[PDB]
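Structure file target_27.tsv; described as TSV, N, CA and C atoms.
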```tsv
chain	number	residue	atom	x	y	z
A	1	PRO	N	88.07	65.04	102.39
A	1	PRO	CA	87.47	63.81	101.85
A	1	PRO	C	86.83	62.96	102.92
A	2	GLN	N	87.47	62.86	104.08
A	2	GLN	CA	86.82	62.25	105.23
A	2	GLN	C	85.54	62.99	105.58
A	3	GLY	N	85.63	64.32	105.65
A	3	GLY	CA	84.43	65.11	105.83
A	3	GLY	C	83.42	64.90	104.71
A	4	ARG	N	83.90	64.75	103.47
A	4	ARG	CA	83.00	64.44	102.37
A	4	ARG	C	82.18	63.19	102.69
A	5	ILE	N	82.85	62.13	103.12
A	5	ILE	CA	82.14	60.93	103.54
A	5	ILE	C	81.15	61.26	104.64
A	6	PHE	N	81.56	62.09	105.60
A	6	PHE	CA	80.65	62.50	106.66
A	6	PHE	C	79.36	63.07	106.10
A	7	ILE	N	79.46	64.03	105.17
A	7	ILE	CA	78.26	64.56	104.55
A	7	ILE	C	77.47	63.45	103.88
A	8	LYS	N	78.16	62.54	103.18
A	8	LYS	CA	77.47	61.45	102.51
A	8	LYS	C	76.57	60.68	103.47
A	9	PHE	N	77.12	60.27	104.61
A	9	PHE	CA	76.30	59.58	105.60
A	9	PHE	C	75.23	60.49	106.18
A	10	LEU	N	75.51	61.79	106.27
A	10	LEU	CA	74.54	62.70	106.86
A	10	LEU	C	73.27	62.74	106.02
A	11	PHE	N	73.40	63.04	104.73
A	11	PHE	CA	72.21	63.09	103.89
A	11	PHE	C	71.65	61.71	103.62
A	12	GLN	N	72.49	60.69	103.48
A	12	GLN	CA	71.95	59.36	103.23
A	12	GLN	C	71.16	58.83	104.41
A	13	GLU	N	71.45	59.30	105.62
A	13	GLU	CA	70.54	59.02	106.72
A	13	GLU	C	69.34	59.96	106.70
A	14	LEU	N	69.58	61.24	106.43
A	14	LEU	CA	68.53	62.24	106.52
A	14	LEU	C	67.44	62.01	105.48
A	15	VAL	N	67.74	61.27	104.42
A	15	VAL	CA	66.74	60.96	103.42
A	15	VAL	C	65.76	59.93	103.94
A	16	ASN	N	66.28	58.84	104.52
A	16	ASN	CA	65.44	57.68	104.80
A	16	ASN	C	64.26	58.02	105.69
A	17	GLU	N	64.40	59.00	106.58
A	17	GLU	CA	63.25	59.37	107.39
A	17	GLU	C	62.30	60.31	106.65
A	18	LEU	N	62.84	61.26	105.90
A	18	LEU	CA	61.98	62.17	105.15
A	18	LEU	C	61.52	61.55	103.84
A	19	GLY	N	62.41	60.87	103.14
A	19	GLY	CA	62.05	60.22	101.90
A	19	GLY	C	62.25	61.04	100.64
A	20	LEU	N	63.17	62.01	100.66
A	20	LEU	CA	63.54	62.79	99.49
A	20	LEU	C	62.41	63.72	99.04
A	21	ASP	N	61.21	63.51	99.57
A	21	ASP	CA	60.12	64.44	99.31
A	21	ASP	C	60.20	65.64	100.24
A	22	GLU	N	59.92	65.41	101.53
A	22	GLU	CA	60.08	66.45	102.54
A	22	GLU	C	61.47	67.07	102.48
A	23	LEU	N	62.46	66.31	102.03
A	23	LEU	CA	63.82	66.83	101.92
A	23	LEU	C	63.87	68.09	101.07
A	24	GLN	N	63.35	68.00	99.84
A	24	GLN	CA	63.42	69.14	98.94
A	24	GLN	C	62.69	70.35	99.51
A	25	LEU	N	61.56	70.12	100.18
A	25	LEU	CA	60.83	71.23	100.77
A	25	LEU	C	61.64	71.89	101.87
A	26	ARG	N	62.13	71.10	102.82
A	26	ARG	CA	62.92	71.66	103.91
A	26	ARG	C	64.12	72.43	103.38
A	27	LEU	N	64.91	71.80	102.51
A	27	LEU	CA	66.09	72.48	101.98
A	27	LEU	C	65.71	73.76	101.25
A	28	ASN	N	64.76	73.67	100.32
A	28	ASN	CA	64.36	74.85	99.56
A	28	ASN	C	63.87	75.96	100.48
A	29	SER	N	63.33	75.60	101.64
A	29	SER	CA	62.89	76.58	102.61
A	29	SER	C	63.95	76.89	103.66
A	30	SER	N	65.10	76.21	103.62
A	30	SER	CA	66.14	76.41	104.61
A	30	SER	C	67.22	77.38	104.16
A	31	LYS	N	67.09	77.95	102.96
A	31	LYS	CA	68.00	78.98	102.44
A	31	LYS	C	69.47	78.63	102.68
A	32	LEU	N	69.85	77.42	102.28
A	32	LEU	CA	71.26	77.04	102.26
A	32	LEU	C	71.90	77.62	101.01
A	33	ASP	N	72.88	78.50	101.20
A	33	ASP	CA	73.47	79.25	100.11
A	33	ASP	C	74.86	78.73	99.75
A	34	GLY	N	75.81	78.82	100.68
A	34	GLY	CA	77.16	78.38	100.40
A	34	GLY	C	77.24	76.94	99.94
A	35	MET	N	76.32	76.10	100.41
A	35	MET	CA	76.34	74.71	99.98
A	35	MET	C	75.66	74.53	98.63
A	36	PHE	N	74.64	75.33	98.32
A	36	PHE	CA	73.89	75.22	97.06
A	36	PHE	C	74.01	76.52	96.28
A	37	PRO	N	75.17	76.80	95.69
A	37	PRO	CA	75.35	78.10	95.02
A	37	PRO	C	74.43	78.26	93.82
A	38	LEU	N	73.62	79.31	93.83
A	38	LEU	CA	72.96	79.81	92.63
A	38	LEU	C	73.58	81.09	92.09
A	39	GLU	N	74.53	81.68	92.80
A	39	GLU	CA	74.97	83.03	92.47
A	39	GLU	C	75.94	83.07	91.30
A	40	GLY	N	76.65	81.99	91.05
A	40	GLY	CA	77.68	81.97	90.04
A	40	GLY	C	78.71	80.92	90.39
A	41	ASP	N	79.92	81.13	89.86
A	41	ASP	CA	81.04	80.22	90.07
A	41	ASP	C	80.69	78.82	89.58
A	42	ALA	N	80.66	78.72	88.25
A	42	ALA	CA	80.23	77.51	87.56
A	42	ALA	C	80.88	76.26	88.14
A	43	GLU	N	82.21	76.18	88.09
A	43	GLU	CA	82.92	74.98	88.53
A	43	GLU	C	82.44	74.48	89.89
A	44	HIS	N	82.18	75.40	90.82
A	44	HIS	CA	81.65	74.97	92.11
A	44	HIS	C	80.30	74.29	91.96
A	45	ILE	N	79.45	74.81	91.06
A	45	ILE	CA	78.16	74.18	90.85
A	45	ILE	C	78.33	72.82	90.20
A	46	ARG	N	79.34	72.68	89.34
A	46	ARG	CA	79.68	71.38	88.79
A	46	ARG	C	80.08	70.42	89.90
A	47	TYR	N	80.80	70.92	90.90
A	47	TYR	CA	81.22	70.07	92.01
A	47	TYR	C	80.04	69.67	92.87
A	48	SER	N	79.11	70.60	93.10
A	48	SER	CA	77.92	70.28	93.88
A	48	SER	C	77.07	69.23	93.17
A	49	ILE	N	76.65	69.52	91.94
A	49	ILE	CA	75.78	68.60	91.22
A	49	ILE	C	76.46	67.26	91.04
A	50	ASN	N	77.71	67.28	90.57
A	50	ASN	CA	78.46	66.04	90.43
A	50	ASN	C	78.54	65.29	91.75
A	51	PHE	N	78.60	66.01	92.87
A	51	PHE	CA	78.71	65.35	94.16
A	51	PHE	C	77.42	64.64	94.52
A	52	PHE	N	76.29	65.35	94.47
A	52	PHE	CA	75.04	64.69	94.83
A	52	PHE	C	74.69	63.58	93.86
A	53	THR	N	75.06	63.71	92.59
A	53	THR	CA	74.92	62.57	91.70
A	53	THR	C	75.90	61.46	92.04
A	54	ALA	N	76.99	61.78	92.74
A	54	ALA	CA	77.88	60.72	93.21
A	54	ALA	C	77.31	60.02	94.44
A	55	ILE	N	76.56	60.73	95.27
A	55	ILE	CA	75.86	60.09	96.39
A	55	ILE	C	74.91	59.03	95.88
A	56	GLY	N	74.34	59.24	94.70
A	56	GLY	CA	73.31	58.37	94.16
A	56	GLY	C	71.92	58.97	94.16
A	57	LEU	N	71.76	60.22	94.60
A	57	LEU	CA	70.45	60.85	94.59
A	57	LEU	C	70.36	61.90	93.49
A	58	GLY	N	71.05	63.03	93.66
A	58	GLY	CA	71.16	64.03	92.62
A	58	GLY	C	69.89	64.79	92.30
A	59	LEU	N	68.74	64.37	92.83
A	59	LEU	CA	67.49	65.04	92.51
A	59	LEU	C	67.34	66.37	93.22
A	60	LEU	N	68.29	66.72	94.08
A	60	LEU	CA	68.35	68.05	94.66
A	60	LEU	C	69.05	69.05	93.75
A	61	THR	N	69.67	68.58	92.67
A	61	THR	CA	70.57	69.39	91.86
A	61	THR	C	69.91	69.99	90.63
A	62	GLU	N	68.63	69.71	90.39
A	62	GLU	CA	67.98	70.21	89.18
A	62	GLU	C	68.04	71.72	89.10
A	63	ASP	N	67.65	72.39	90.18
A	63	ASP	CA	67.68	73.85	90.21
A	63	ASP	C	69.07	74.38	89.89
A	64	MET	N	70.11	73.65	90.26
A	64	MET	CA	71.46	74.04	89.89
A	64	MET	C	71.79	73.65	88.45
A	65	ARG	N	71.28	72.49	87.99
A	65	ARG	CA	71.48	72.10	86.60
A	65	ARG	C	71.01	73.19	85.66
A	66	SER	N	69.86	73.80	85.96
A	66	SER	CA	69.41	74.95	85.19
A	66	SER	C	70.49	76.02	85.13
A	67	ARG	N	71.12	76.30	86.27
A	67	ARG	CA	72.12	77.36	86.30
A	67	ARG	C	73.39	76.97	85.56
A	68	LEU	N	73.64	75.68	85.34
A	68	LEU	CA	74.72	75.30	84.44
A	68	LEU	C	74.47	75.83	83.03
A	69	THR	N	73.32	75.47	82.44
A	69	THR	CA	72.98	75.96	81.11
A	69	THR	C	72.91	77.48	81.08
A	70	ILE	N	72.49	78.10	82.19
A	70	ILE	CA	72.44	79.55	82.23
A	70	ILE	C	73.84	80.15	82.22
A	71	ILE	N	74.81	79.48	82.86
A	71	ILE	CA	76.18	79.98	82.82
A	71	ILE	C	76.80	79.78	81.45
A	72	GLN	N	76.58	78.62	80.83
A	72	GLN	CA	77.17	78.32	79.53
A	72	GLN	C	76.58	79.19	78.43
B	1	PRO	N	44.00	50.58	112.94
B	1	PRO	CA	45.31	50.97	112.40
B	1	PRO	C	46.39	49.93	112.65
B	2	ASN	N	46.30	49.17	113.73
B	2	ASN	CA	47.36	48.25	114.09
B	2	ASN	C	47.28	46.95	113.30
B	3	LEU	N	48.43	46.31	113.13
B	3	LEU	CA	48.48	44.93	112.67
B	3	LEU	C	49.36	44.14	113.62
B	4	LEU	N	48.77	43.20	114.34
B	4	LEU	CA	49.47	42.47	115.39
B	4	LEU	C	49.87	41.09	114.91
B	5	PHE	N	51.02	40.62	115.37
B	5	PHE	CA	51.28	39.18	115.32
B	5	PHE	C	52.43	38.88	116.27
B	6	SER	N	52.77	37.60	116.39
B	6	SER	CA	53.89	37.20	117.23
B	6	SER	C	54.57	35.99	116.64
B	7	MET	N	55.89	36.01	116.58
B	7	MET	CA	56.66	34.86	116.12
B	7	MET	C	57.78	34.61	117.10
B	8	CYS	N	58.13	33.35	117.29
B	8	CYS	CA	59.11	32.95	118.30
B	8	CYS	C	58.61	33.52	119.61
B	9	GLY	N	59.37	34.36	120.30
B	9	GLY	CA	58.87	35.01	121.50
B	9	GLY	C	58.57	36.48	121.31
B	10	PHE	N	58.79	36.98	120.10
B	10	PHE	CA	58.60	38.39	119.81
B	10	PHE	C	57.14	38.66	119.51
B	11	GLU	N	56.60	39.70	120.14
B	11	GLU	CA	55.29	40.22	119.77
B	11	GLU	C	55.47	41.56	119.07
B	12	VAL	N	54.81	41.71	117.94
B	12	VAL	CA	55.06	42.79	117.00
B	12	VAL	C	53.75	43.51	116.74
B	13	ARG	N	53.75	44.82	116.95
B	13	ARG	CA	52.63	45.68	116.60
B	13	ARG	C	53.09	46.57	115.47
B	14	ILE	N	52.52	46.38	114.29
B	14	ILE	CA	52.93	47.13	113.11
B	14	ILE	C	51.98	48.29	112.91
B	15	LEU	N	52.51	49.51	113.06
B	15	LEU	CA	51.81	50.73	112.70
B	15	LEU	C	52.41	51.30	111.43
B	16	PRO	N	51.63	51.45	110.38
B	16	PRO	CA	52.10	52.22	109.23
B	16	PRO	C	52.23	53.69	109.60
B	17	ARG	N	53.37	54.27	109.24
B	17	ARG	CA	53.64	55.66	109.61
B	17	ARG	C	52.52	56.59	109.17
B	18	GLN	N	51.77	56.22	108.14
B	18	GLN	CA	50.59	56.99	107.75
B	18	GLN	C	49.70	57.28	108.95
B	19	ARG	N	49.11	56.24	109.51
B	19	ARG	CA	47.98	56.40	110.41
B	19	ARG	C	48.40	56.67	111.84
B	20	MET	N	49.70	56.82	112.09
B	20	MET	CA	50.17	57.20	113.42
B	20	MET	C	49.81	58.63	113.79
B	21	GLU	N	49.45	59.46	112.81
B	21	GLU	CA	49.01	60.85	112.93
B	21	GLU	C	50.10	61.73	113.52
B	22	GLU	N	51.17	61.11	114.01
B	22	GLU	CA	52.35	61.84	114.45
B	22	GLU	C	53.54	60.90	114.32
B	23	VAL	N	54.69	61.47	113.98
B	23	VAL	CA	55.92	60.70	113.81
B	23	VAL	C	56.88	61.18	114.88
B	24	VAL	N	57.15	60.33	115.87
B	24	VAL	CA	58.01	60.70	116.98
B	24	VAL	C	59.20	59.76	117.01
B	25	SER	N	60.39	60.34	117.17
B	25	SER	CA	61.59	59.54	117.33
B	25	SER	C	61.46	58.69	118.58
B	26	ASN	N	61.73	57.40	118.44
B	26	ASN	CA	61.43	56.46	119.50
B	26	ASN	C	62.64	55.59	119.77
B	27	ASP	N	62.59	54.87	120.88
B	27	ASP	CA	63.76	54.19	121.41
B	27	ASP	C	64.12	53.01	120.51
B	28	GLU	N	65.15	52.27	120.92
B	28	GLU	CA	65.75	51.23	120.09
B	28	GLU	C	65.03	49.90	120.16
B	29	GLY	N	63.95	49.80	120.92
B	29	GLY	CA	63.16	48.58	120.93
B	29	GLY	C	62.07	48.62	119.89
B	30	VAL	N	62.24	49.47	118.88
B	30	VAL	CA	61.22	49.74	117.89
B	30	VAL	C	61.85	49.76	116.51
B	31	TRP	N	61.43	48.85	115.65
B	31	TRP	CA	61.99	48.76	114.32
B	31	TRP	C	61.39	49.80	113.39
B	32	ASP	N	62.15	50.15	112.36
B	32	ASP	CA	61.67	50.94	111.25
B	32	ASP	C	61.60	50.03	110.03
B	33	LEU	N	60.45	49.99	109.39
B	33	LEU	CA	60.25	49.13	108.23
B	33	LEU	C	60.52	49.94	106.97
B	34	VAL	N	61.49	49.50	106.19
B	34	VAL	CA	62.01	50.25	105.05
B	34	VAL	C	61.54	49.58	103.78
B	35	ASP	N	60.97	50.36	102.87
B	35	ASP	CA	60.55	49.80	101.60
B	35	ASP	C	61.76	49.39	100.77
B	36	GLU	N	61.53	48.49	99.83
B	36	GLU	CA	62.62	48.07	98.96
B	36	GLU	C	63.14	49.23	98.13
B	37	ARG	N	62.27	49.85	97.34
B	37	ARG	CA	62.73	50.82	96.35
B	37	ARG	C	62.83	52.22	96.94
B	38	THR	N	61.71	52.77	97.42
B	38	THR	CA	61.67	54.18	97.81
B	38	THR	C	62.67	54.51	98.91
B	39	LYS	N	63.23	53.51	99.58
B	39	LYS	CA	64.19	53.69	100.66
B	39	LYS	C	63.62	54.53	101.79
B	40	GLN	N	62.31	54.60	101.90
B	40	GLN	CA	61.65	55.35	102.96
B	40	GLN	C	61.42	54.43	104.14
B	41	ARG	N	60.83	54.96	105.20
B	41	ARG	CA	60.41	54.16	106.34
B	41	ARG	C	58.92	54.34	106.50
B	42	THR	N	58.14	53.32	106.14
B	42	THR	CA	56.70	53.49	106.11
B	42	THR	C	55.99	52.99	107.35
B	43	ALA	N	56.64	52.20	108.19
B	43	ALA	CA	55.94	51.62	109.32
B	43	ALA	C	56.91	51.35	110.44
B	44	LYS	N	56.45	51.57	111.66
B	44	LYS	CA	57.19	51.23	112.85
B	44	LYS	C	56.63	49.94	113.42
B	45	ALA	N	57.52	49.03	113.80
B	45	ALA	CA	57.16	47.74	114.37
B	45	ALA	C	57.58	47.76	115.83
B	46	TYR	N	56.61	47.82	116.72
B	46	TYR	CA	56.86	47.84	118.15
B	46	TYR	C	57.05	46.42	118.63
B	47	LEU	N	58.09	46.19	119.43
B	47	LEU	CA	58.46	44.86	119.88
B	47	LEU	C	58.27	44.70	121.38
B	48	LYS	N	57.75	43.55	121.78
B	48	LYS	CA	57.72	43.17	123.19
B	48	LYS	C	58.04	41.69	123.28
B	49	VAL	N	58.15	41.20	124.51
B	49	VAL	CA	58.57	39.84	124.79
B	49	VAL	C	57.34	39.03	125.18
```
Just dump the structure as structure tokens.
Amino acid sequence: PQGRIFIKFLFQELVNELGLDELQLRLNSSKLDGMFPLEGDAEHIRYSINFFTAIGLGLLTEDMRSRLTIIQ
Amino acid sequence: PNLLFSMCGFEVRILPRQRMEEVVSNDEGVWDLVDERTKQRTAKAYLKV
């Protein structure tokens, strides 16, 4: 949970310079897998999407939101 | 591209990040101007005495 806060500050700083625009491009091109699961394991995707929506941004989670409906 | 002014003893050169043609991480004598809503940084304000 302390580490969770760490991530929170990490992206909340990393946004302000890029502006959530360049963010999506970099991430989508950065092939982050374990952090952004598309492969399966629904509950984990619920934790990811719910987490970024807890940060207050959540606009990185759309591609995963699709995979929620695909799992259900 | 610049917008200059000075208040108190501070002299401020405002460059909008647009027309800087390059965005370089800079030292702590340089402000970042943050928009209200978009939470972005659109302009650097260079400070001198």
- [ ] Give the residues of chain B that lie within 7 Å of chain A; count all atoms listed in the file, and format the answer as an NGL selection string.
- [x] :B and (38-41)
Open item on the list: Neighbouring residues of residue 13 in chain B were defined as those with any atom within 7 Å, considering all atoms listed in the file; residues of the same chain fewer than 3 positions away were excluded. Please report them as JSON, numbers by chain.
Closed with: {"B": [2, 3, 4, 5, 44, 45, 46, 47, 48]}
Task: Distance in Å - atom N of residue 20 in chain B versus atom N of residue 1 in chain B - done: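 Going from atom N of residue 20 in chain B over to atom N of residue 1 in chain B, I get 8.5 Å.
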Task: Among the residues A:59, A:42, A:25, A:54, the one that comes closest to residue 71 in chain A [using only C-alpha atoms] - done: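 Closest to residue 71 in chain A of all the choices is A:42.
Here the question is which of A:10, A:4, A:55, A:60 gets nearest to residue 24 in chain A using all atoms listed in the file, and that residue is A:60.
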Open item on the list: Please list as a list in words every residue within 12 Å of residue 48 in chain A, counting only C-alpha atoms and excluding residues in the same chain fewer than 3 positions away.
Closed with: residues 4, 33, 34, 35, 36, 37, 38, 41, 42, 43, 44, 45, 51, 52, 53, 54, 55, 58, 59, 60, 61, 62, 63, 64, 65, 67 and 68 of chain A
- [ ] Can you check which residues of chain A DSSP gives as alpha helix (DSSP H) on the backbone and send them as a PyMOL selection string?
- [x] chain A and resi 2-18+21-29+42-55+62-71
Open item on the list: One number please: CA of residue 3 in chain A to atom N of residue 40 in chain A, in Å, one decimal.
Closed with: 23.7 Å
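Going from CA of residue 11 in chain A to CA of residue 23 in chain A covers 9.4 Å.
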Six-sided padding of 4 Å per side, axis-aligned box over range 26-29 of chain B, centre and edges in Å, one decimal, as AutoDock Vina command-line options:
```
--center_x 63.6 --center_y 53.0 --center_z 119.9 --size_x 12.3 --size_y 16.8 --size_z 11.0
```
